[PDB]
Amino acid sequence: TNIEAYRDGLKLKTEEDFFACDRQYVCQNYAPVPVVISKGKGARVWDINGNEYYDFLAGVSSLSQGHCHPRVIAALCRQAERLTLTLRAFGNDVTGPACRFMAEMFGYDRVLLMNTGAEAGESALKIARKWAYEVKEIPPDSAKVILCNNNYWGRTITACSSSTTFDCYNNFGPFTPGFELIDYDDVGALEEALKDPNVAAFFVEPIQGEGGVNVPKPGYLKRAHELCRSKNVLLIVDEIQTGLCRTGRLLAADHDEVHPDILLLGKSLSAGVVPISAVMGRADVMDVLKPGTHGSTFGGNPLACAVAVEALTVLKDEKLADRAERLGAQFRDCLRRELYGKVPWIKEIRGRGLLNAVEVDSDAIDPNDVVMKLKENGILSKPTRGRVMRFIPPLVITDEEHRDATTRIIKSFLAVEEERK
């Protein structure tokens, strides 16, 4: 095909030829790990030279079903031969059924399909504001949304406007008003912010992802929902990264028996095959989005819908929540046993399910040394905030793969410590 033929013509032999090509022609807004992946299957990827690795980033939990899951790829190919795009201006025979499927699986009245996690967040903020103005009857332009320090929900200007991460906002203003930032995992701070009747919503992650896999204290989300409910404030829960079995439950919010007022999904909603995200809520909230007040060219396209229904079904059929729960407990147990004390520059091993992190003291060690040693030992990962090592494999990783990978990971932390000595 044309990508293959064009690439051959470039005579890109070596990994360096590819790194040079990316440096010259790709906008340079990433610092990637120096690997050139050519193939993925399940928990494994291979580089252009045939070297094999375990993928411990998995799209930051977009590939929970594994790379190239055969059922999902089969669903993609079948629908792609039939119909990929109509626009929501025309009906089709896929979008409604796919939304009913989701509505039933997650227990919501209405489903809005968008393409990216950022777009889901923007949509939820629009819905929460317009509901606050039209149903709560707060004063025009006065709506406030509470978010948490170190949150991450995307890269739009409005997302940058509600970030506390310097590189995410700096020099991208002037900023969208109407946000109140409070500490994460702080019910007292939330209760205080909820005294303002102009608050429309509290927008929160059940575990902060990009912020460092910050797992809150027992009861946090349960407590937050009760506080919000008492003030008629919507709880918007971002499950784009934590959702869909990654933490050992269908939604991370299930750990607290919380049914979000507005749910966001994305990432593994498509098994990492095509971009599709969802916003779900009750009718009297979602129906504020009247005809013409919101839209998206590709949102709810039939190809993505067909893929999402298959991706969702795989999670259930393969009992991936149970896998995540069991393997992740084993992961944290092994790492704590073998690394705590032995490695003094480990600050904390934390997580839920197969969303795990190892926080290192970046004054005591170069975190990039840990990254490169992991890669030498067959493990691909990328930290967040420099020092938070992340371990987010596909949930389909087998028992034997996970044991092998765990051994390689422990061996790598020990090899970096040995080098420090």
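When you see a residue number, it is the position in the sequence shown, counting from 1.
Once the C-alpha B-factors are averaged per stretch, 7-15 and 401-409 rank with 7-15 first. Stretch comparison (43-51 versus 64-72) by mean CA B-factor in the PDB entry places 43-51 on top.
Taking the deposited Cα B-factors for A308, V94, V145, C334, the highest one is held by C334. Across the residues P393, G353, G59, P34, the deposited record lists the maximum Cα B factor for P34. Among all modelled residues in this chain, the alpha-carbon of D185 has a temperature factor (C-alpha) in the middle third. Per the deposited record, the Cα B-factor of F166 falls in the middle third when ranked against the other modelled residues of its chain.
Among the modelled residues of its chain, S277 has a C-alpha B-factor that falls in the lowest third, as given in the PDB entry.
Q330 sits in the highest third of its chain by CA B factor, as recorded in the PDB entry.
Annotation for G211: CA B-factor lies in the middle third of the chain's modelled residues.
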